[PDB]
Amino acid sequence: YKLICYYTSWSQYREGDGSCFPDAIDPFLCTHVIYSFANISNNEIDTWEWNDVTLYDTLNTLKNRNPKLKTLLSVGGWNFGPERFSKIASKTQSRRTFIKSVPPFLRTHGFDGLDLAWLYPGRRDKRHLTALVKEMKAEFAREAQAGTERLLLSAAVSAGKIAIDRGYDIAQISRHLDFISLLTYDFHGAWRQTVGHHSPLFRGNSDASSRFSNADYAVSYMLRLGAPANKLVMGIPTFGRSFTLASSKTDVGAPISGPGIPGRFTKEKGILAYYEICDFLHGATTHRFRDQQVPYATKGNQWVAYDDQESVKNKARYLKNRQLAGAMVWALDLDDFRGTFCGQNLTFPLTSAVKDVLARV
């Protein structure tokens, strides 16, 4: 089983303990660590933060304590417009140029592969996404001839039924991708003003409207579309989505007036690092959707939907029973990397909870 762990570039700028550098990562923890967001300029992959080469080096030295460890670099992300990806991939000339620029970059900085985070291809992009994966992989095979190890190629895909039908040809890109990561956590997406859990596991059978929103539906679906189990990796979140209530009501359906107030370290609306959530729980009321097997908490006029050690131990357990390739964890930096925020003395409590279940066969 694989344990893919995303690490983000901008977690270095957080104040106090919130700050995080590749330095704090346990090398023996995950199998694959995906460094977050490279960029594109003049049609070639390129750096993003001023000090990326430095940090590239720090992350890639962990492979010195753990040789089994594999690291990849990711291109795209939410704050990277899709029109941008879309326009590189639809002109074979600008496309072929980006591809050729990739292997040497990865090699110079010591990455074992590249990851595509084209955040949401559209109806008009399905065909080019395919071209890009196909051609990119071809380029990696041809390059392994120089007698060095073949660079890995992966992709982070949407888990929303309508998004998968609209922009992905799952059957095709699964042939060329080393693994596929399922973004199974943005379900109660950005819109609608009702309280709800962003990463529920099941249908929460007490809910009738949207069955397409949950890890289970998403997974079954991808399998039907043709992606093979041994390439699928299920996304697990390490952050919580927050709302500012608009009434005394706190149960399913309750009205929302907007996002939740920012975390003291995370500084961003509607979001909360896990270590922040640990502090938050003090004086907070905790509840747990039995149906979807995921917890939520309220305190004041704030309602937080999140994932704890056991809702996570559970998602992990599902993943195994359906025989998938492994689990993907979004942001080791959003977890309690110091281990001084969530009661117990453990470091990376959530990510290691997943690793425990994954390591028991």
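Residues carry their position along the shown sequence, with the first being 1.
- Taking only CA atoms, the mean B-factor in the PDB entry is higher for 222 to 230 than for the other of 222 to 230 and 177 to 185.
- Higher mean CA temperature factor, per the PDB entry, when comparing 40 to 48 with 325 to 333: 40 to 48.
- For the set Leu272, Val133, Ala156, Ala190, the PDB entry assigns the largest Cα B-factor to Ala190.
- Set against one another, the Cα B-factors of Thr92, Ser101, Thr71, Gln145 in the record reach their highest point at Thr92.
- In this PDB entry, the Cα temperature factor of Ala215 sits in the middle third of its chain's modelled residues.
- Annotation for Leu114: C-alpha temperature factor in the lowest third relative to the rest of the modelled chain, per the entry.
- Ranked by C-alpha B-factor against the other modelled residues of its chain, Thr347 falls in the highest third.
- When the CA B factors of the chain's modelled residues are split into thirds, the value for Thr266 lands in the middle one.
- Ranked within its chain, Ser257 lands in the highest third, by CA B factor from the PDB record.
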